[PDB]
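Notes to accompany the following structure.
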Amino acid sequence: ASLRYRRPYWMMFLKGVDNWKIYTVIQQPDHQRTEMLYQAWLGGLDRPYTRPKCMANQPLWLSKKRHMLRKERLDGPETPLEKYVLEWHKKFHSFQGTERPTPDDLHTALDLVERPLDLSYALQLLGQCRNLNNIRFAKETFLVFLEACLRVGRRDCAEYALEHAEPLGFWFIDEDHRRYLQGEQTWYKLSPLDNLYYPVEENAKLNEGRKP
Amino acid sequence: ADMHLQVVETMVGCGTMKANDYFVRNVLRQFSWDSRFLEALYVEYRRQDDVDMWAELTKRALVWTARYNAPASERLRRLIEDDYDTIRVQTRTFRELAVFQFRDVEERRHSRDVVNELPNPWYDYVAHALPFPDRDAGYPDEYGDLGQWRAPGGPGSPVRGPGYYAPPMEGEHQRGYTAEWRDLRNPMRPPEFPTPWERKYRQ
Amino acid sequence: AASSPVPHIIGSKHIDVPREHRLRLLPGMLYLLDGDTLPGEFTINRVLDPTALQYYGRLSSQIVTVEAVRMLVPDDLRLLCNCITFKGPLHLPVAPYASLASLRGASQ
Amino acid sequence: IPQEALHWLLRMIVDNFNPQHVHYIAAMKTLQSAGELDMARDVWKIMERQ
Amino acid sequence: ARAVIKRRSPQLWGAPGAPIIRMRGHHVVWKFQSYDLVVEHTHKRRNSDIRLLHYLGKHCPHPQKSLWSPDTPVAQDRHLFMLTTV
Amino acid sequence: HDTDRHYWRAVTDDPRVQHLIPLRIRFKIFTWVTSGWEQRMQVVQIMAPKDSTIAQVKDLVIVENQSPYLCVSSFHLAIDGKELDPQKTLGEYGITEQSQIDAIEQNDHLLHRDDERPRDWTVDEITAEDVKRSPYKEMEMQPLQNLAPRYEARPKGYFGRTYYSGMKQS
Amino acid sequence: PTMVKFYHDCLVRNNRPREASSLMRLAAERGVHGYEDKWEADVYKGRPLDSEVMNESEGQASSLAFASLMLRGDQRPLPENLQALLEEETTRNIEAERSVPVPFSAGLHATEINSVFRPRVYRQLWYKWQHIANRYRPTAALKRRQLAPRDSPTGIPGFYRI
Amino acid sequence: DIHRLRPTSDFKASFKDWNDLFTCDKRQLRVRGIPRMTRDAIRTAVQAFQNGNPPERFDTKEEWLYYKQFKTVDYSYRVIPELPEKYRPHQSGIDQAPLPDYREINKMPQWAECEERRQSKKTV
Amino acid sequence: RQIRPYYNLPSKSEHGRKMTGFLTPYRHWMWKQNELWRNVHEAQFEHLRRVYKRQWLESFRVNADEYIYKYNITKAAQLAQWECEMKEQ
Amino acid sequence: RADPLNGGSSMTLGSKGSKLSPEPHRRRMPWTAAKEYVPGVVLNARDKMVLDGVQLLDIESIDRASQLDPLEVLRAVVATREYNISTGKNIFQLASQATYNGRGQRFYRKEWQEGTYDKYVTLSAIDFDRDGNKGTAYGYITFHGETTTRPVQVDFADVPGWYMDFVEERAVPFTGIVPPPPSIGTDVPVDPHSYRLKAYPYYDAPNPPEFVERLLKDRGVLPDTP
Amino acid sequence: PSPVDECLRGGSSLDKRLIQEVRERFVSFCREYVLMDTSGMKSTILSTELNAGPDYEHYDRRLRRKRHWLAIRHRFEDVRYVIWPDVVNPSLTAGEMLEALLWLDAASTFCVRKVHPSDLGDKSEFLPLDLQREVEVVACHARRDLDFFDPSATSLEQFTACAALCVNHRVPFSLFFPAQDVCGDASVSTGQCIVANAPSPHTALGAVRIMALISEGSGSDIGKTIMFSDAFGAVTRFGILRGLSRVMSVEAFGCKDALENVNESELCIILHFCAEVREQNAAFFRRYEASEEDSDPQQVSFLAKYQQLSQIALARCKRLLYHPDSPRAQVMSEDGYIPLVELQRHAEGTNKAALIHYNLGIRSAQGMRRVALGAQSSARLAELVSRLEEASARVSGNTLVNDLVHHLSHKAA
RNA sequence: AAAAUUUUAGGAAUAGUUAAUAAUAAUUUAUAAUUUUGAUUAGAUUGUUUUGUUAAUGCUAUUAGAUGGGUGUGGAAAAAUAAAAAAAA
Ligand SMILES: [Mg+2]
């Protein structure tokens, strides 16, 4: 049940093309015009071009150009977080990329959240680090993730990470972060530079004095 | 390897219990050793204190025969065969035993049977293996007959000349076509043998 | 080298061939020296890839511990030199008649 | 089997070839290397009967 | 190893394969059908004048009456006979 | 397979016949005993032609020692301490089979050789690639393990039932 | 209709898809027989001609060098120092793919393979005005043994000879 | 019943019991009104069960029905797709590549507007 | 033909075949039993092969020896007759 | 050949086996070399029924109108992780959650430890690509105590179904080199209390009584009845 | 009819682009003559074509190349004062005039030589052209502009071609260089100007071409070309030493496989060059190579380069002798087109072990031959290897001249 | 790879051509090669002591086959369809 003798030998082990019956009759002149008009339909070429005879997919130099020439779906970034998403896709989503992201790079995306739309862009970068890039998080990753969701006032997603953290990738969650979101404690951190309990609505009850 | 074999056999025969370490360090990974090394070393395996050390050393020797492409000889397998009540190490495959039982029972039943001990000419021998028969069956004819125009037949035909009349020949063809070729249609005399096999068949 | 005396495996210095005969005579030649001194007219490229350093695992465990693996590429880019730095002593027993008994880093 | 070393000499004579001295030397050395000495003497008798 | 495989007679390891002893038949009716024990290739050579390697004999699958019963009566001599040359 | 011989010649003619002398040449080696190093002698035997020079004898020692410990540096041939001129023939020194020849090495150098000539090179230009041994050491006839015995599988004229003629004309 | 069959094959041989798509679009509108079904959309509708690009490049400066570059509409150009390094990347990759020969072509395009031409007089036909360059009819038009029986001569001396 | 052209399960009414199924030869299968491939499959299954092989085989009907829908000439379990006359979008009437409306897709969604309103209420 | 039983590993795949060739350990064990029962027959087969080979070689040896003796006598008489005819010519 | 089944025996074509030699039968197809393969149809096809009621998003769709609620994004991440784990555990999914990328630890397939089969792979190096579920893994193969001398490529390293048990003593940092585990015959001395061989050459496992009962009921020897 | 016939039909020849058009049309004419596919074309004297030309069916096989060469001659008589005008700002540069002269010389060396009785013209038109004035005009236009010769490889091939044009057409090579580099000298030869202005070659083949032009540029003056030493061993002229050291450069002869593409004919040129360098400077070599240490950093570099070149030349001779037609004795073209690599690059490899066009690509590369020593090669190499030694050495005990003589006798028998 | 053997009621010229060759992949040399002892082309055209007849070395018949551009895959293109040649339990 092999296609060794039904198609040319350069289509050996070939899967995932649109239709491999196209590339056996390309050299016919009515199909040769159709291939060159399709390369003009795809853009990126200043001269008439046909793909090589022993290639079914586009060449590696040509698909690299069309991926770089393709305009991003997000035009006119307003927030500096949305500029960081465009820097994330130029660096960690380039054509045939090799370098993986860093847990410190995820902390930079989680530190630029201003509006609740930014949390949808930031948490989808957190999903690419766990599922797509498969990166083990740092020890303080849940700390930056918790204070990111409190800037936008979204607590119901922060407690959503506590009921199942090992699918999300938070291998270290300290107990004072667990007691805050579950309702045992009413603060989640102590400031080393200000000596007050965060958030500031609880600091008016707990610490009535300001200490260095 | 034959230089290390005498050293291994000397350390086995002296009972020093260090021939296996010498075989591991010097002969195992860096030599094309035959199986008879272990035929010494199993005796060094035999003199161990506990039976489980003997068993594990024998099984490790079998894994060494598997890994380094040195197959176990018949003498080593018969050495491990004699201590099967103590070690219980299987030294024959699952295929050879099923062949051996069905062969040995059949050969014993065939040797005890008095009917099937008779010789069978279809089974015992080959009567003739040469490409040509040993005596003349009369054929070929080397002549034509009535209605045959093609003589000699050329490719794959033993006819050499026409049956009755021919164009004039010279030399050895003149002696051949008239006297010396085969003729099985002769009612008096068969086609004659070469000398001296014609004098004793004159009558 | 730890079990029999090999003749030219250990020298006192790098072999001084002329610069014109450098590409012709040097490839295929091996020698051991004492200390980490590298030849001149070479660019030092240290092998830090764990995919490339894993093949010295048996060399670093059962024999001398591999400290550094360096690739030396010259100015004309035509003569490599694979420099491996070992740290003594050997885990193998060294014969007194062997070549590595004439080495200070191997005997100490 | 080593008997083929005696066989390919005999088929050399059935096919009307004259076996040279190298064929007899190779047959006797091949049959002596396998421990068949009577077959080597039969090769010698074949050489004498030719 | 063809593009469109011969669907009715597939074989193994290409042509011409190992020599095989077969019992080939004729394109006749069953009442005159006989078999030839032959040695041929795995794929039948249809482009040659040599279509077989060696002819071992002929087997007749129809039983014949024993025409040699009064010669010397032995046990089970009057049964039918299956003639074959080997 | 062009071996410059397209017929059968069972004899050996004059261009392959060489007149050889079995010259044995000594090397000063050192062996390890329980005390220390002891100086001994290692002999390398070659078949040198009678018309050869001493440089050719040195090259024959280099190509036929097949030992990684003997020809390691630049050595010099000598007889009774007196060194030999490598541009002189063996007949000019009267060197025979009983002549004791020594090889004095200079171990500070390093012998860089180029073995571009095969070990079995005669005038007929027939050399093996997997030769691995001088032709004086190898046996004349041995069993061939690389080939395979093949029988006749194509019958010529006889194929079957009755041998009438056998198609011996074919 | 014979002229459009030749001229379409010449433009696809000389790497002209714009001139070939405009020829099939023209023959479908004029009612040429055999081309009323072949009508292609004009993908070069917004693009200028290739000749007017070249004299514009000798003489908006960011759009001057990249006027020949074709974009889908959902594509944007790079910076001009980055795009010009990418434009010479493609022109060295096109010439690398066009220099390697196809091994069983005898140095010919696929239009020229099996393209033997003789006029209509070579196969049992005579002059007609509407057949300007008429390729000779195939040998399957007249079979032997349907015009004359076996061992009988047929009046076609040079038919099957190409 | 594993084959499409061997409908073995269509002849359950052609036998009375187990012994009648296992004692009938091919001539008795022929006179009962069974086609040739079906009675050959029945006799082969009976002779395989007599030799110790129960009918444990995979039903190859749906797999062959999947492989039938392609244009393999020899039914050799390959996949050969059909190529239509128009396989590119430019020749099917579509002029150029569709451009996305970048002002429509870059508007803030309704949940984002509701959360911005909630943030503006809770911050003040 | 390789048998595909119903209790093999099913390939839940709509783009190919519905049953793989991955067995059960019971199927592995019974296949080993059938392998041994074939191994007995093929052992006897190879034994009779080698026996018939050496039988054919021994028969060729004996018949070739007899043919060589008779053919040497025949060729000696033929060469003597040819020498006499050459002398007369 | 190099390794035929039962020597040369050709009474049937099944007597040769399903493959005539462990080497590739043609020189032009090196992928036809005989090796242990893995049922990738059942393993690579993960259960898509855990993604129902879950709105996944494309990578390229970074426009503002296509974004989802952060609770919906988090449940999409949880559903995608449970989709990737749903069949089995990968090598690259087990080693990323380990110290020093799991270097020195022992990875094993499920069927590598049952029956009389004993084989594992001591990991030495893993080079992750951008899609962190794939890549290439290297390790020393240990089969019944004997170990390779060099690290070999772990075949089917991306197909799920792998297992490991983390041991802190086996963890090798990125500064050092992963040492090869010792051969129990050669390197360390043989001890029956430490490691005992489950199988050896010329050894076959005894017949289980349930398989004997099943085969004798299938062949008709035992009276199987409803 | 050539296209140049429509360019000389009465136009204004002083126009610059018309001169450029005439030049490129003549270049294309000479190049299509040189690269003409001459597979089926045969020129045998046929009696039936006496009072006519060749027949209409054999025009392309008999008449085409002769008419092409006669058209080249009749256009060269009309064009050679337009492309290369006489020496009294120019319309054509020196490079394009050099390219036109090179294709004209390539058409002149491969002229039609066989004169049939059918030919009505003179037989002297079937002889090669004399291009001396054109070489002098190109040399004047090349010494007019600076940096005409560069250290690039294409300029190395241009240097080789210009030295070839000066050797063949009796023109001094000193006209190609400015006169201040030749001033202070009464007379210089072609070979001395080659050895004084040679660039350092990056391949062995360019050095072989330079070493061939050195020997052929001075036949009887080969002594005065490469003598840089006195009769006592002291170096006389260091310019020839610096030229000969940068001829046998390390980028050309440095690797052990540097002579892997050297045929049997080029190895004779290498050994003849080494033998001439040893013979002209014997008092230098027999003093310095044995037991002499020198303080000059140039002399040790020259000695190391000469020893390396002699050793790799003898190794290549032993390669071609002891392994005839071996796969390690095969040659190939420099920058040779191996189409299997370009076929693997411009294809999609899903399995990289499956190489497409393997049965054809593994057989075919740009010119690749099995090399063995012929009669004319072995008889010359047996002389040159004996020339490499000294006069006091015994030629009987040399084990390479004896092997070459026995190879000659064995292959002749 | 070689030898060898076809026919035309109104009988004449033929050629990607012959040999040499340091020449794969022919820039050269030659007084080149086939043919009136019947060539090339055109017509007819698988051949085959297997058929039929007769006193007939006469006359008369034939159905084994092969297939330089469909895919450089495969050991070999013979590959777009064949009641078996049973095709790896
Ligand atoms: Mg000539």
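Here's how to read the names in the structure tokens: chain A, B, ... by the order shown, residue numbers from 1 in each chain, ligand numbers from 1 in the order shown.
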Nearby polymer residues, ligand 1, at most 12 Å, only C-alpha atoms (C1' of nucleotides) and all ligand atoms, as a PyMOL selection string: (chain K and resi 114) or (chain L and resi 19-23+26+28-30)
Restricting the output to C-alpha atoms (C1' of nucleotides), write the selected residues as a PDB file, in the first residue's frame.
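The resulting part-v4.pdb:
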```
ATOM      1  CA  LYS K 114      40.953  20.290 -43.902  1.00  0.00           C
TER       2      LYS K 114
ATOM      3  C1'   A L  19      37.910   3.508 -39.573  1.00  0.00           C
ATOM      4  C1'   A L  20      41.747   5.675 -36.397  1.00  0.00           C
ATOM      5  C1'   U L  21      42.114   8.079 -31.716  1.00  0.00           C
ATOM      6  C1'   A L  22      46.226  10.656 -25.011  1.00  0.00           C
ATOM      7  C1'   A L  23      38.863  11.523 -27.654  1.00  0.00           C
ATOM      8  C1'   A L  26      35.844  13.065 -30.834  1.00  0.00           C
ATOM      9  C1'   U L  28      41.776  16.539 -35.378  1.00  0.00           C
ATOM     10  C1'   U L  29      43.207  12.744 -39.425  1.00  0.00           C
ATOM     11  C1'   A L  30      41.903   9.630 -43.834  1.00  0.00           C
TER      12        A L  30
END
```
Show which residues sit within 9 Å of residue 24 (chain F), as a tab-separated table (two decimals) with N, CA and C atoms, in the first residue's frame. Count only C-alpha atoms (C1' of nucleotides), and ignore same-chain residues fewer than 2 positions away.
```
chain	number	residue	atom	x	y	z
F	22	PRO	N	67.80	-13.32	1.56
F	22	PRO	CA	67.10	-13.19	2.85
F	22	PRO	C	67.92	-12.42	3.89
F	26	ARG	N	68.95	-6.24	12.47
F	26	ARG	CA	68.73	-6.21	13.90
F	26	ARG	C	68.38	-4.80	14.38
F	43	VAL	N	64.76	-8.84	15.44
F	43	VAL	CA	65.23	-9.10	14.08
F	43	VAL	C	64.07	-8.94	13.11
F	44	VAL	N	64.29	-8.20	12.03
F	44	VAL	CA	63.33	-8.06	10.94
F	44	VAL	C	63.96	-8.66	9.69
F	45	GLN	N	63.28	-9.64	9.10
F	45	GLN	CA	63.80	-10.36	7.95
F	45	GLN	C	63.07	-9.92	6.69
F	46	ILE	N	63.83	-9.55	5.66
F	46	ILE	CA	63.28	-9.11	4.38
F	46	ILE	C	63.94	-9.92	3.27
F	47	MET	N	63.32	-9.88	2.10
F	47	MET	CA	63.86	-10.49	0.89
F	47	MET	C	64.29	-9.36	-0.03
F	97	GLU	N	73.99	-13.27	3.38
F	97	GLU	CA	72.96	-13.64	4.35
F	97	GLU	C	73.51	-13.67	5.77
F	98	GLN	N	74.80	-13.96	5.92
F	98	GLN	CA	75.44	-14.02	7.23
F	98	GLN	C	75.97	-12.68	7.70
F	99	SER	N	75.85	-11.63	6.89
F	99	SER	CA	76.33	-10.31	7.29
F	99	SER	C	75.39	-9.70	8.32
F	100	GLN	N	75.95	-9.33	9.47
F	100	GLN	CA	75.16	-8.78	10.57
F	100	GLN	C	74.98	-7.29	10.36
F	101	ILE	N	73.73	-6.87	10.14
F	101	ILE	CA	73.39	-5.48	9.89
F	101	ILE	C	72.55	-4.97	11.05
```
For region 13-29 of chain H: contacts at 10 Å, only C-alpha atoms (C1' of nucleotides), fewer than 3 positions along chain excluded, given as an NGL selection string: :H and (9-10 or 32-36 or 38-40 or 42-43 or 45-47 or 49-50)
Could you please write out, as a PDB file with N, CA and C atoms, in the first residue's frame, every residue of chain E that DSSP assigns to strand (DSSP E or B)?
```pdb
ATOM      1  N   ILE E  20      10.499 -23.382  -7.997  1.00  0.00           N
ATOM      2  CA  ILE E  20       9.446 -24.018  -7.220  1.00  0.00           C
ATOM      3  C   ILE E  20       8.922 -25.210  -8.011  1.00  0.00           C
ATOM      4  N   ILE E  21       8.679 -26.313  -7.308  1.00  0.00           N
ATOM      5  CA  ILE E  21       8.011 -27.470  -7.890  1.00  0.00           C
ATOM      6  C   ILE E  21       6.508 -27.245  -7.810  1.00  0.00           C
ATOM      7  N   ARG E  22       5.861 -27.184  -8.964  1.00  0.00           N
ATOM      8  CA  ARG E  22       4.421 -27.007  -9.037  1.00  0.00           C
ATOM      9  C   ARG E  22       3.788 -28.154  -9.809  1.00  0.00           C
ATOM     10  N   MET E  23       2.468 -28.241  -9.700  1.00  0.00           N
ATOM     11  CA  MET E  23       1.656 -29.170 -10.480  1.00  0.00           C
ATOM     12  C   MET E  23       0.764 -28.324 -11.378  1.00  0.00           C
ATOM     13  N   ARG E  24       1.196 -28.114 -12.613  1.00  0.00           N
ATOM     14  CA  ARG E  24       0.441 -27.272 -13.528  1.00  0.00           C
ATOM     15  C   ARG E  24      -0.590 -28.100 -14.285  1.00  0.00           C
ATOM     16  N   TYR E  35      -2.143 -33.443 -14.826  1.00  0.00           N
ATOM     17  CA  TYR E  35      -1.236 -32.494 -14.201  1.00  0.00           C
ATOM     18  C   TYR E  35       0.204 -32.824 -14.556  1.00  0.00           C
ATOM     19  N   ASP E  36       1.026 -31.787 -14.635  1.00  0.00           N
ATOM     20  CA  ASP E  36       2.455 -31.926 -14.875  1.00  0.00           C
ATOM     21  C   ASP E  36       3.195 -31.417 -13.651  1.00  0.00           C
ATOM     22  N   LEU E  37       3.921 -32.312 -12.985  1.00  0.00           N
ATOM     23  CA  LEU E  37       4.855 -31.927 -11.937  1.00  0.00           C
ATOM     24  C   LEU E  37       6.078 -31.345 -12.622  1.00  0.00           C
ATOM     25  N   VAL E  38       6.253 -30.029 -12.492  1.00  0.00           N
ATOM     26  CA  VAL E  38       7.296 -29.283 -13.178  1.00  0.00           C
ATOM     27  C   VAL E  38       8.073 -28.465 -12.157  1.00  0.00           C
ATOM     28  N   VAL E  39       9.269 -28.047 -12.559  1.00  0.00           N
ATOM     29  CA  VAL E  39      10.082 -27.098 -11.808  1.00  0.00           C
ATOM     30  C   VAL E  39      10.136 -25.815 -12.618  1.00  0.00           C
ATOM     31  N   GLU E  40       9.701 -24.711 -12.021  1.00  0.00           N
ATOM     32  CA  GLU E  40       9.648 -23.447 -12.742  1.00  0.00           C
ATOM     33  C   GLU E  40      10.096 -22.337 -11.805  1.00  0.00           C
ATOM     34  N   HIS E  54      12.737 -27.637 -15.285  1.00  0.00           N
ATOM     35  CA  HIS E  54      12.834 -29.073 -15.490  1.00  0.00           C
ATOM     36  C   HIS E  54      11.451 -29.686 -15.345  1.00  0.00           C
ATOM     37  N   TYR E  55      11.219 -30.759 -16.090  1.00  0.00           N
ATOM     38  CA  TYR E  55       9.942 -31.463 -16.109  1.00  0.00           C
ATOM     39  C   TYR E  55      10.104 -32.757 -15.323  1.00  0.00           C
ATOM     40  N   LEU E  56       9.456 -32.833 -14.163  1.00  0.00           N
ATOM     41  CA  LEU E  56       9.631 -33.982 -13.284  1.00  0.00           C
ATOM     42  C   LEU E  56       8.692 -35.132 -13.605  1.00  0.00           C
ATOM     43  N   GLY E  57       7.497 -34.862 -14.106  1.00  0.00           N
ATOM     44  CA  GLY E  57       6.651 -35.952 -14.552  1.00  0.00           C
ATOM     45  C   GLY E  57       5.208 -35.535 -14.754  1.00  0.00           C
ATOM     46  N   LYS E  58       4.365 -36.547 -14.961  1.00  0.00           N
ATOM     47  CA  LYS E  58       2.945 -36.361 -15.232  1.00  0.00           C
ATOM     48  C   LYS E  58       2.133 -37.174 -14.238  1.00  0.00           C
ATOM     49  N   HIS E  59       1.133 -36.541 -13.634  1.00  0.00           N
ATOM     50  CA  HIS E  59       0.205 -37.191 -12.723  1.00  0.00           C
ATOM     51  C   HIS E  59      -1.183 -37.190 -13.342  1.00  0.00           C
ATOM     52  N   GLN E  64      -7.607 -45.322 -12.559  1.00  0.00           N
ATOM     53  CA  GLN E  64      -7.677 -46.332 -13.603  1.00  0.00           C
ATOM     54  C   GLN E  64      -7.936 -47.702 -12.987  1.00  0.00           C
ATOM     55  N   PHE E  81      -6.312 -47.441  -9.617  1.00  0.00           N
ATOM     56  CA  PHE E  81      -4.908 -47.066  -9.703  1.00  0.00           C
ATOM     57  C   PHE E  81      -4.766 -45.618 -10.138  1.00  0.00           C
ATOM     58  N   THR E  84       1.370 -42.130 -12.011  1.00  0.00           N
ATOM     59  CA  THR E  84       2.213 -40.944 -11.940  1.00  0.00           C
ATOM     60  C   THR E  84       3.629 -41.351 -12.324  1.00  0.00           C
TER      61      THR E  84
END
```
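Residue-level contacts from chain L to chain E at 6 Å, counting only C-alpha atoms (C1' of nucleotides), read residues 79, 80, 84, 85 and 87 of chain L.
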Filtered DSSP result for region 36-106 of chain B, state helix (DSSP H, G or I), as a PyMOL selection string: chain B and resi 36-46+51-67+74-81+94-106
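When CA of residue 150 (chain A) is paired with CA of residue 86 (chain A), their separation reads 24.2 Å.
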Selection: 10 Å around region 92-94 of chain J, only C-alpha atoms (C1' of nucleotides), excl. self and same-chain fewer than 2 positions, as number ranges by chain: A: 130-131, 134-136; J: 84-85, 88-90, 96-98, 101-102, 107, 126-128, 131-137, 157-160, 162-166
Write out, as a Markdown table, each residue of chain D that has an atom at most 10 Å from chain F, together with the closest pair of atoms and their distance in Å to one decimal, counting only C-alpha atoms, rows going by chain and rising number.
```
| residue | atom | partner | partner_atom | distance |
| --- | --- | --- | --- | --- |
| D:4 | CA | F:149 | CA | 9.2 |
| D:8 | CA | F:151 | CA | 9.8 |
| D:20 | CA | F:10 | CA | 7.8 |
| D:21 | CA | F:10 | CA | 8.3 |
| D:22 | CA | F:10 | CA | 8.2 |
| D:25 | CA | F:141 | CA | 8.3 |
| D:26 | CA | F:141 | CA | 6.7 |
| D:27 | CA | F:143 | CA | 10.0 |
| D:29 | CA | F:141 | CA | 7.7 |
| D:30 | CA | F:143 | CA | 6.6 |
| D:33 | CA | F:143 | CA | 8.6 |
```
Selected residues written out with C-alpha atoms, as a JSON list (two decimals), in the first residue's frame:
```json
[["chain", "number", "residue", "atom", "x", "y", "z"],
["D", 4, "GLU", "CA", 32.26, -31.00, -3.44],
["D", 8, "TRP", "CA", 34.01, -30.18, -9.09],
["D", 20, "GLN", "CA", 45.75, -28.65, -14.78],
["D", 21, "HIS", "CA", 48.18, -29.25, -11.92],
["D", 22, "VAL", "CA", 46.79, -26.30, -9.95],
["D", 25, "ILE", "CA", 46.99, -29.15, -5.90],
["D", 26, "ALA", "CA", 43.96, -27.11, -4.80],
["D", 27, "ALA", "CA", 41.78, -30.22, -4.46],
["D", 29, "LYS", "CA", 45.00, -29.03, -0.15],
["D", 30, "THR", "CA", 41.27, -28.40, 0.33],
["D", 33, "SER", "CA", 42.43, -28.96, 5.27]]
```
Residue neighbourhood residue 141 (chain B), 9 Å, only C-alpha atoms (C1' of nucleotides), exclusion window fewer than 3 positions, as a VMD selection string: (chain B and resid 138 144 158 to 160 181 to 185) or (chain F and resid 165)
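Selecting chain L residues within 9 Å of chain A and counting only C-alpha atoms (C1' of nucleotides) yields residues 71, 72, 73 and 79 of chain L.
Between CA of residue 347 (chain K) and CA of residue 71 (chain A) lies a distance of 28.7 Å.
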Determine, for each residue of chain L having at least one atom at most 7 Å from an atom of chain K, the closest pair of atoms and their separation in Å to one decimal, counting only C-alpha atoms (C1' of nucleotides); order by chain and ascending number, as a tab-separated table.
```
residue	atom	partner	partner_atom	distance
L:16	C1'	K:40	CA	4.8
L:24	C1'	K:369	CA	6.8
L:27	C1'	K:110	CA	5.5
L:72	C1'	K:357	CA	6.2
```
Output file for the residues above (N, CA and C atoms (P, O5', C5', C4', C3', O3' and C1' of nucleotides), as a PDB file, in the first residue's frame):
```
ATOM      1  P     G L  16      21.427   8.715 -41.435  1.00  0.00           P
ATOM      2  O5'   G L  16      22.479   9.528 -40.565  1.00  0.00           O
ATOM      3  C5'   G L  16      22.252   9.748 -39.180  1.00  0.00           C
ATOM      4  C4'   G L  16      23.421  10.431 -38.523  1.00  0.00           C
ATOM      5  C3'   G L  16      23.379  10.445 -37.001  1.00  0.00           C
ATOM      6  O3'   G L  16      24.713  10.451 -36.491  1.00  0.00           O
ATOM      7  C1'   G L  16      23.312  12.660 -37.806  1.00  0.00           C
ATOM      8  P     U L  24      36.096  11.242 -24.354  1.00  0.00           P
ATOM      9  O5'   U L  24      34.679  10.525 -24.393  1.00  0.00           O
ATOM     10  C5'   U L  24      34.585   9.110 -24.353  1.00  0.00           C
ATOM     11  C4'   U L  24      33.936   8.644 -23.077  1.00  0.00           C
ATOM     12  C3'   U L  24      32.564   9.228 -22.785  1.00  0.00           C
ATOM     13  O3'   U L  24      31.540   8.523 -23.462  1.00  0.00           O
ATOM     14  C1'   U L  24      33.928   9.317 -20.835  1.00  0.00           C
ATOM     15  P     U L  27      36.284  17.412 -29.955  1.00  0.00           P
ATOM     16  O5'   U L  27      36.676  18.328 -31.192  1.00  0.00           O
ATOM     17  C5'   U L  27      36.052  18.156 -32.460  1.00  0.00           C
ATOM     18  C4'   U L  27      36.070  19.427 -33.274  1.00  0.00           C
ATOM     19  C3'   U L  27      37.431  19.837 -33.830  1.00  0.00           C
ATOM     20  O3'   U L  27      37.259  20.461 -35.101  1.00  0.00           O
ATOM     21  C1'   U L  27      36.610  21.540 -32.405  1.00  0.00           C
ATOM     22  P     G L  72       9.995   9.676 -11.650  1.00  0.00           P
ATOM     23  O5'   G L  72      11.425   9.300 -11.078  1.00  0.00           O
ATOM     24  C5'   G L  72      12.588   9.452 -11.877  1.00  0.00           C
ATOM     25  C4'   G L  72      13.625   8.423 -11.525  1.00  0.00           C
ATOM     26  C3'   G L  72      15.023   8.976 -11.279  1.00  0.00           C
ATOM     27  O3'   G L  72      15.662   8.196 -10.270  1.00  0.00           O
ATOM     28  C1'   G L  72      15.075   7.463 -13.097  1.00  0.00           C
TER      29        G L  72
END
```
